[PDB]
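Colleague: Before we start, here is the structure in question, set down as structure tokens.
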Amino acid sequence: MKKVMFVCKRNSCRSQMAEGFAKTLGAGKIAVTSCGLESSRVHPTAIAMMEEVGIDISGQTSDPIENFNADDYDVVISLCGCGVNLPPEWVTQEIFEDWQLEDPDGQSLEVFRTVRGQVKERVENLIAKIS
């Protein structure tokens with residue numbers, strides 16, 4: 001099965017949140033993980049703003065992207081927007097993206113409840129074109 005990696009900046013949760021929608025809606029369509037350029041984190045408000053949509057991220061982890069192989073991630077989605085720093089093995093995939101998607105970390109709960117749907121439609125239209 002093809003594996004989707006979601007990647008973002010050091011202090012971001014949108015890579016972990018993108019994995020949350022993708023493992024819930026893409027559950028029977030693809031394999032999925034998430035990471036960050038100098039690693040990434042889960043966020044308590046991204047648990048509670050998303051469990052009301054039936055999503056889970058609480059059990060997820062991260063390490064710096066250069067510790068991973070890229071090759072076992074047939075599909076790689078960045079969330080930095082038309083500009084990300086990546087080694088060539090992380091971009092040469094059969095499908096690549098770099099989403100123009102913000103982090104709700106440190107913003108209002110209305111921004112969490114907005115960005116969740118922006119992640120959902122990005123995950124959905126990405127997975128629907130590959131599976």
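In the structure tokens, the first chain shown is A, the next is B, and so on; residue numbers restart at 1 for each chain, and ligands run from 1 in the order shown.
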Quick one: residues within 7 Å of residue A:19, only C-alpha atoms, excluding same-chain residues fewer than 5 positions away - as a compact mmCIF listing (two decimals) with N, CA, C and O atoms, in the first residue's frame?
Modeller:
```txt
# COMPACT_ATOMS: atom_id res chain seq x y z
N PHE A 6 2.94 13.44 5.95
CA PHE A 6 2.62 14.86 6.13
C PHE A 6 3.76 15.60 6.85
O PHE A 6 4.14 15.20 7.95
N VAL A 32 -0.37 6.05 6.33
CA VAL A 32 -0.02 7.45 6.68
C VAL A 32 0.86 7.60 7.93
O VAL A 32 0.68 6.88 8.92
N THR A 33 1.76 8.58 7.87
CA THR A 33 2.59 9.08 8.99
C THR A 33 2.74 10.60 8.85
O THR A 33 2.42 11.18 7.81
N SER A 34 3.24 11.28 9.88
CA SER A 34 3.61 12.69 9.84
C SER A 34 4.90 12.97 10.62
O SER A 34 5.28 12.23 11.52
```
Colleague: Using DSSP on the backbone coordinates, identify all residues within stretch 80-123 of chain A classified as strand (DSSP E or B); present the result as a PyMOL selection string.
Modeller: chain A and resi 95-98
Colleague: Using N, CA, C and O atoms, can you export the residues from the last selection as a compact mmCIF listing (two decimals), in the first residue's frame?
Modeller:
```
# COMPACT_ATOMS: atom_id res chain seq x y z
N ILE A 95 3.41 11.24 -6.19
CA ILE A 95 2.59 12.42 -5.86
C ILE A 95 3.29 13.23 -4.76
O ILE A 95 3.62 12.70 -3.69
N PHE A 96 3.45 14.53 -5.01
CA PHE A 96 3.92 15.52 -4.04
C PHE A 96 2.97 16.73 -3.96
O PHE A 96 2.38 17.12 -4.97
N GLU A 97 2.85 17.34 -2.79
CA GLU A 97 2.11 18.59 -2.56
C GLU A 97 2.84 19.49 -1.55
O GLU A 97 3.61 19.01 -0.73
N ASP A 98 2.53 20.79 -1.55
CA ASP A 98 2.96 21.73 -0.50
C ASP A 98 1.84 22.74 -0.20
O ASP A 98 1.74 23.80 -0.82
```
Colleague: Name the closest residue to residue A:99 among the candidates A:67, A:28, A:18, A:39; distances are taken between atoms, counting only C-alpha atoms.
Modeller: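 Using only C-alpha atoms, residue A:99 sits closest to A:18.
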Colleague: Which residue is closest to residue A:37? Choose from A:50, A:119, A:86, A:126 and count only C-alpha atoms.
Modeller: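 Under the stated criterion, the closest residue is A:86.
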Colleague: Could you give me, as number ranges by chain, each residue of stretch 23-106 of chain A that DSSP assigns to helix (DSSP H, G or I) when run on this structure's backbone?
Modeller: A: 23-25, 44-51, 65-67, 88-90
Colleague: Now that the selection is made, can you save its residues with C-alpha atoms as a PDB file, in the first residue's frame?
Modeller:
```pdb
ATOM      1  CA  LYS A  23      -5.946   8.135   8.996  1.00  0.00           C
ATOM      2  CA  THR A  24      -9.721   8.633   9.700  1.00  0.00           C
ATOM      3  CA  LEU A  25     -11.045   9.308   6.118  1.00  0.00           C
ATOM      4  CA  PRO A  44      -4.114  19.698  23.412  1.00  0.00           C
ATOM      5  CA  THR A  45      -6.499  22.151  21.621  1.00  0.00           C
ATOM      6  CA  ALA A  46      -5.989  20.115  18.387  1.00  0.00           C
ATOM      7  CA  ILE A  47      -7.215  17.031  20.352  1.00  0.00           C
ATOM      8  CA  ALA A  48     -10.406  18.694  21.691  1.00  0.00           C
ATOM      9  CA  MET A  49     -11.284  20.794  18.556  1.00  0.00           C
ATOM     10  CA  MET A  50     -11.044  17.594  16.398  1.00  0.00           C
ATOM     11  CA  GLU A  51     -12.439  14.781  18.640  1.00  0.00           C
ATOM     12  CA  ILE A  65      12.589  14.333   8.619  1.00  0.00           C
ATOM     13  CA  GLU A  66      16.296  13.571   7.800  1.00  0.00           C
ATOM     14  CA  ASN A  67      16.188  10.548  10.224  1.00  0.00           C
ATOM     15  CA  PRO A  88      15.647  15.246  -3.195  1.00  0.00           C
ATOM     16  CA  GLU A  89      14.361  11.822  -2.000  1.00  0.00           C
ATOM     17  CA  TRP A  90      11.394  13.619  -0.215  1.00  0.00           C
TER      18      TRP A  90
END
```
Colleague: Counting only C-alpha atoms, what is within 10 Å of residue A:94, bar same-chain residues fewer than 6 positions away, as a PDB file with N, CA and C atoms, in the first residue's frame?
Modeller:
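Dumped to part_1.pdb:
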```pdb
ATOM      1  N   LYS A   2       0.475   2.322  -0.741  1.00  0.00           N
ATOM      2  CA  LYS A   2       1.162   3.631  -0.781  1.00  0.00           C
ATOM      3  C   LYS A   2       1.032   4.396   0.529  1.00  0.00           C
ATOM      4  N   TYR A  73       7.756   6.213   1.760  1.00  0.00           N
ATOM      5  CA  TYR A  73       6.709   7.221   1.676  1.00  0.00           C
ATOM      6  C   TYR A  73       6.516   7.597   0.208  1.00  0.00           C
ATOM      7  N   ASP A  74       5.821   6.730  -0.523  1.00  0.00           N
ATOM      8  CA  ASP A  74       5.491   6.868  -1.953  1.00  0.00           C
ATOM      9  C   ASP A  74       4.813   8.205  -2.293  1.00  0.00           C
ATOM     10  N   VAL A  75       4.165   8.833  -1.307  1.00  0.00           N
ATOM     11  CA  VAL A  75       3.418  10.083  -1.428  1.00  0.00           C
ATOM     12  C   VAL A  75       3.820  11.013  -0.275  1.00  0.00           C
ATOM     13  N   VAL A  76       4.168  12.273  -0.555  1.00  0.00           N
ATOM     14  CA  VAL A  76       4.644  13.224   0.477  1.00  0.00           C
ATOM     15  C   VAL A  76       3.960  14.579   0.305  1.00  0.00           C
ATOM     16  N   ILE A 130      -5.678   9.745  -5.800  1.00  0.00           N
ATOM     17  CA  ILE A 130      -4.665   8.664  -5.769  1.00  0.00           C
ATOM     18  C   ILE A 130      -5.252   7.267  -5.498  1.00  0.00           C
TER      19      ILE A 130
END
```
Colleague: Could you list, as a ChimeraX atom specification, every residue within 6 Å of residue A:8, counting only C-alpha atoms and ignoring same-chain residues fewer than 3 positions away?
Modeller: /A:15,36,78-79
Colleague: Which is closer to residue A:80 than all the others in A:115, A:35, A:22, A:101, using only C-alpha atoms?
Modeller: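 Smallest distance to residue A:80 is found for A:101.
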Colleague: Can you list, as a VMD selection string, every protein, DNA or RNA residue that comes within 10 Å of residue A:42 when you count only C-alpha atoms, leaving out same-chain residues fewer than 4 positions away?
Modeller: chain A and resid 11 to 17 46 to 47 57 to 62 105
Colleague: Using the selection just defined, write its residues with N, CA, C and O atoms as an mmCIF file, in the first residue's frame.
Modeller:
```
data_model
loop_
_atom_site.group_PDB
_atom_site.id
_atom_site.type_symbol
_atom_site.label_atom_id
_atom_site.label_comp_id
_atom_site.auth_asym_id
_atom_site.auth_seq_id
_atom_site.Cartn_x
_atom_site.Cartn_y
_atom_site.Cartn_z
ATOM 1 N N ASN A 11 7.602 24.098 15.020
ATOM 2 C CA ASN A 11 6.613 24.428 16.063
ATOM 3 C C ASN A 11 5.148 24.142 15.643
ATOM 4 O O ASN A 11 4.213 24.489 16.362
ATOM 5 N N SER A 12 4.938 23.533 14.469
ATOM 6 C CA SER A 12 3.616 23.298 13.861
ATOM 7 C C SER A 12 2.943 22.008 14.349
ATOM 8 O O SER A 12 3.621 21.031 14.673
ATOM 9 N N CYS A 13 1.602 21.983 14.349
ATOM 10 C CA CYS A 13 0.791 20.776 14.573
ATOM 11 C C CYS A 13 0.016 20.313 13.324
ATOM 12 O O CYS A 13 -0.469 19.184 13.291
ATOM 13 N N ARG A 14 -0.073 21.118 12.253
ATOM 14 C CA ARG A 14 -0.853 20.826 11.034
ATOM 15 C C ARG A 14 -0.395 19.579 10.274
ATOM 16 O O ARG A 14 -1.221 18.964 9.621
ATOM 17 N N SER A 15 0.858 19.137 10.405
ATOM 18 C CA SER A 15 1.323 17.829 9.890
ATOM 19 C C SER A 15 0.654 16.668 10.638
ATOM 20 O O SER A 15 0.077 15.773 10.023
ATOM 21 N N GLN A 16 0.648 16.734 11.971
ATOM 22 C CA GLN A 16 -0.015 15.771 12.867
ATOM 23 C C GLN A 16 -1.539 15.788 12.691
ATOM 24 O O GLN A 16 -2.178 14.736 12.677
ATOM 25 N N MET A 17 -2.119 16.979 12.502
ATOM 26 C CA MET A 17 -3.550 17.186 12.232
ATOM 27 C C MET A 17 -3.953 16.677 10.837
ATOM 28 O O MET A 17 -4.968 15.996 10.698
ATOM 29 N N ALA A 46 -5.785 20.932 19.589
ATOM 30 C CA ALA A 46 -5.989 20.115 18.387
ATOM 31 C C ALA A 46 -6.501 18.695 18.692
ATOM 32 O O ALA A 46 -6.890 17.983 17.776
ATOM 33 N N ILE A 47 -6.516 18.263 19.957
ATOM 34 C CA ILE A 47 -7.215 17.031 20.352
ATOM 35 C C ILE A 47 -8.700 17.389 20.493
ATOM 36 O O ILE A 47 -9.552 16.832 19.804
ATOM 37 N N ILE A 57 -5.555 12.347 17.248
ATOM 38 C CA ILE A 57 -4.112 12.615 17.065
ATOM 39 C C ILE A 57 -3.273 12.363 18.333
ATOM 40 O O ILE A 57 -2.048 12.387 18.266
ATOM 41 N N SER A 58 -3.906 12.100 19.480
ATOM 42 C CA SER A 58 -3.287 12.052 20.816
ATOM 43 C C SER A 58 -2.127 11.055 20.957
ATOM 44 O O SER A 58 -1.162 11.327 21.672
ATOM 45 N N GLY A 59 -2.214 9.909 20.268
ATOM 46 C CA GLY A 59 -1.209 8.837 20.312
ATOM 47 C C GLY A 59 -0.020 9.012 19.354
ATOM 48 O O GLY A 59 0.879 8.167 19.346
ATOM 49 N N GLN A 60 -0.006 10.061 18.519
ATOM 50 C CA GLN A 60 1.032 10.261 17.497
ATOM 51 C C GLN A 60 2.352 10.828 18.057
ATOM 52 O O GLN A 60 2.391 11.463 19.114
ATOM 53 N N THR A 61 3.438 10.605 17.310
ATOM 54 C CA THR A 61 4.829 10.996 17.623
ATOM 55 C C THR A 61 5.506 11.667 16.413
ATOM 56 O O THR A 61 4.915 11.777 15.334
ATOM 57 N N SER A 62 6.739 12.160 16.586
ATOM 58 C CA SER A 62 7.551 12.749 15.510
ATOM 59 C C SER A 62 9.061 12.651 15.783
ATOM 60 O O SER A 62 9.503 12.586 16.933
ATOM 61 N N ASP A 105 -2.201 26.491 16.027
ATOM 62 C CA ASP A 105 -1.406 26.652 17.250
ATOM 63 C C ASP A 105 -1.173 28.134 17.620
ATOM 64 O O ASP A 105 -0.703 28.933 16.802
#
```
Colleague: Using only C-alpha atoms, which of the listed residues (A:69, A:27, A:54, A:104) sits closest to residue A:5?
Modeller: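 Nearest candidate to residue A:5 out of A:69, A:27, A:54, A:104: A:69.
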Colleague: Just how far from atom CA of residue A:63 is atom CA of residue A:92, in Å to one decimal?
Modeller: 20.9 Å
Colleague: Measuring atom to atom with only C-alpha atoms, identify which of A:7, A:91, A:82, A:123 is nearest to residue A:64.
Modeller: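 Among A:7, A:91, A:82, A:123, it is A:7 that comes nearest to residue A:64.
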Colleague: Which residue out of A:122, A:127, A:109, A:84 has the minimum interatomic distance to residue A:31 when only C-alpha atoms are used?
Modeller: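 Closest to residue A:31 of all the choices is A:127.
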